[PDB]
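Take a look at this single chain in structure tokens; it is the form deposited in one PDB entry.
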């Protein structure tokens, strides 16, 4: 079996290998990449996402979110407090101000130590899930706005015809901006491109051990767990690497730099944080291997995890027994 220890693998495709997205995902899986839950792809040197990031400051962040924590340094939840709209220009200036700027630090390890020690005592602000794309129209390989849609995959594999669209989203982050432990909706894949700015650190649990993380989260967040079996889909819970190690949870970590793609695989739980001002783009996608994960994915039906209208058809076709209850929760 390939990649039995479930290590995060890093790939360096040639321009020739970068010309067929689904073929290269399948190649990475033939080498065991999916067993880690996450892989890094470094594009060939000749490729570029866009020629210049001039004027990015004109994009509007309609509802910036302030991430307020509760709990202890290694085990906390975060809630989002809505802020007034700001442009990316205003947001970048805020990210770089004394209150929010990255602190002096020796290396990535020192910065990670500072994050887990101090995150709960600050409330960083970020822009999340902004529909849009920063790829140039003339970028033909790995353009997240021109990938095959999840609907077309489902129609090809199952012979069904469904409504819905699949479009990319932008994220603007700053030091300590945090993404909570989660898998994707319907346990889909995701792909994330870091367009500009400072790095993003990722943590990931192998899909074959995802239930261990779920059991620990129930133990550590008992009130939250009681409302909803699938409360990790609320995307509110953080658990540090030290606490994961104390409790025997298998995981890995890797840092993504500007110009690099990260792919998350079906049922790979992930979390992480930004080092400083940056801009990323992400979209969900599917392959034939995803279908059996989609059929078995847990659902939040308690109200909290309000989803996209695209997800209705996925539940309706793949999980008919669950559909009515899930709908009541929407």
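Here, rigid core means the biggest group of C-alpha atoms that superpose within 1.5 Å across both forms. Residue numbers count along the first chain shown, from 1.
Asker: Would you say which of 144-152 and 184-192 moves more relative to the shown form in 8 other deposited structures of this protein, going by RMS C-alpha distance with the core superposed?
Answerer: Most displaced of the pair in 8 other deposited structures of this protein: 144-152.
Asker: With the rigid core as the fit anchor, does 213-221 or 154-162 show bigger C-alpha shifts in 8 other deposited structures of this protein?
Answerer: When 213-221 and 154-162 are compared in 8 other deposited structures of this protein, the bigger C-alpha shift is seen for 154-162.
Asker: Report the stretch with the higher mean CA temperature factor, choosing between 47-55 and 31-39 on the basis of the entry.
Answerer: That would be 47-55.
Asker: Higher mean Cα B-factor in the deposited model: 204-212 or 158-166?
Answerer: Stretch with the higher mean C-alpha B-factor: 158-166.
Asker: With respect to the C-alpha temperature factors reported in the PDB entry, which of 199, 132, 103, 124 ranks highest?
Answerer: It is 103.
Asker: Please say which third, lowest, middle or highest, residue 91 falls into when its CA temperature factor is compared across its chain.
Answerer: Answer is middle: the recorded C-alpha B-factor places it there.
Asker: Lowest, middle or highest third: where is residue 195 by C-alpha B factor in its chain?
Answerer: According to the entry, residue 195 has a C-alpha B-factor in the chain's lowest third.
Asker: Within this chain's modelled residues, let me know which third the CA B factor of residue 257 belongs to: lowest, middle or highest.
Answerer: Middle third - that is where residue 257 ends up once the chain's C-alpha B-factors are sorted.
Asker: Pull the Cα B-factor of residue 66 out of the PDB entry and bin it into the chain's lowest, middle or highest third.
Answerer: Residue 66: CA B-factor falls in the lowest third of its chain.
Asker: For residue 231, does the deposited CA B-factor place it in the lowest, middle or highest third of the chain?
Answerer: Tercile = highest for this residue's CA B-factor.
In what follows, reference is made to the form solved in complex with a small molecule, a form of this protein that is not presented.
Asker: Please check if residue 41 has a heavy atom lying within 4.5 Å of any heavy atom of the small molecule in the bound PDB entry.
Answerer: Taking the distances in the bound PDB entry, the answer for residue 41 is no, it never comes within 4.5 Å of the small molecule.
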